[PDB]
Chemist: 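The structure under discussion is supplied below as structure tokens; questions concerning it will follow.
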Amino acid sequence: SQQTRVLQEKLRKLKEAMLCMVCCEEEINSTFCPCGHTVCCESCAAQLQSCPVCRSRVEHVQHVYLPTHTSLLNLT
Amino acid sequence: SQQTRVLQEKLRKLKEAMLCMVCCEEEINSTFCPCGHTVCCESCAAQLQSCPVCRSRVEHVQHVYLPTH
Ligand SMILES: O=C(N[C@H]1CCCNC1)c1ccccc1
Ligand SMILES: [Zn+2]
Ligand SMILES: [Zn+2]
Ligand SMILES: [Zn+2]
Ligand SMILES: [Zn+2]
């Protein structure tokens, strides 16, 4: 039905919001510290000197284990 | 249709996975450091001396700003 199409769109958008803002391919699993922005996968977070969202200096990156993780890279 | 019910269940489970594992009421927005388990809201994370997933000592809590918030 049309309701099925609406729910499919909601699911798609929620899943897309969990993807890295730089490569758009890998799940977000890294936090820039101390600002807290959690918007990148490990590879894209590795070489940024400043946060791509707020421009704060990145002192270090903290890996995050989220219950929503489903990709092979985060389960293996 | 039956697919509407299946999609409602998938959406409910994904939304539930974003809720605090302790209180089940607030969105996850905190990481236990250094282990990295990100499973609580700030109020439950403040009250735990040990990670509720791996039992490692919590040295400090890092707030996380997620695009899904
Ligand atoms: O009351 C709040 N949190 C509680 C609700 C019940 C579950 N444990 C946390 C709350 C959260 C954010 C800002 C202000 C108040
Ligand atoms: Zn990436
Ligand atoms: Zn930032
Ligand atoms: Zn909580
Ligand atoms: Zn832990």
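Ligands are counted one by one from 1 in listed order, and the atoms in each one are counted from 1 as well. Just so it is clear: chains get the letters A, B, ... in the order the sequence lines come, proteins before strands, and each one is counted from 1.
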Chemist: For A/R5 and A/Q8, which I'm curious about, is there any donor-acceptor pair between the side chains at under 3.5 Å?
Modeler: no
Chemist: Strictly by modelled atom types, are B/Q3 and A/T4 linked by a side-chain donor-acceptor pair under 3.5 Å?
Modeler: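 No.
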Chemist: Would you give the angle at the Zn ion (ligand 5) between B/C54 atom SG and B/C51 atom SG, to the nearest 10°?
Modeler: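 Once rounded, the angle between the two atoms at the Zn ion (ligand 5) is 110°.
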Chemist: Just to the nearest 10 degrees, tell me the angle at the Zn ion (ligand 5) spanned by B/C35 SG and B/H37 ND1.
Modeler: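 Approximately 110° at the metal, rounded to tens of degrees.
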Chemist: Going by distance alone, is a donor N or O of one side chain under 3.5 Å from an acceptor N or O of the other, for A/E42 and A/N29?
Modeler: no
Chemist: For A/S1 and B/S1, which I'm curious about, is there any donor-acceptor pair between the side chains at under 3.5 Å?
Modeler: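 Distance-only check fails for A/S1 and B/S1.
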Chemist: Can you tell me, to 10 degrees, how wide the angle at the Zn ion (ligand 4) is between SG on B/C23 and SG on B/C20?
Modeler: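 Vertex the Zn ion (ligand 4), arms to SG of B/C23 and SG of B/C20: 110°.
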Chemist: Is B/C44 close enough to the Zn ion (ligand 4) that one of its N, O or S atoms comes in under 2.8 Å?
Modeler: yes
